[PDB]
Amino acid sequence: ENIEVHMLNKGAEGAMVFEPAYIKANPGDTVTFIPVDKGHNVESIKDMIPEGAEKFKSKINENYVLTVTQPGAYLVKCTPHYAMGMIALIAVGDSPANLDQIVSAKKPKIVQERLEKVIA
């Protein structure tokens, strides 16, 4: 199945957001990232994707279709707006083995706050 995500300058959580910022998927699903506002992209965060998953980085302003294979949690960011808290969490399969690790990892305070919220 496909899950559509919008990249926006402003949303329910404030400025520079992914909506939804919490994506539940299963191996084989696709996640479509739509740049509703210009200036955004999607990129996997180093050591914040499952072991065996390939790193990815879309072009600014392009519609990007991500196919998810490996189970686990993935924290993605918008390259330009990471420090402004523009992130999304993709959870593939049940009880992502690396979720606690991602929660604990070093990241910007704004990012951490949004993540905690998304997770809750």
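Residue numbers here begin at 1 and follow the sequence given.
Stretches compared: 102 to 110, 13 to 21. Higher mean C-alpha B-factor in the entry: 102 to 110. Stretch comparison (49 to 57 versus 64 to 72) by mean CA B-factor in the PDB entry places 49 to 57 on top. For the set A83, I34, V31, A91, the maximum C-alpha B-factor listed in the entry falls on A83. Among the modelled residues of its chain, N41 has a C-alpha B-factor that falls in the lowest third, as given in the PDB entry. The deposited CA B-factor of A120 belongs to the highest third of values across its chain.
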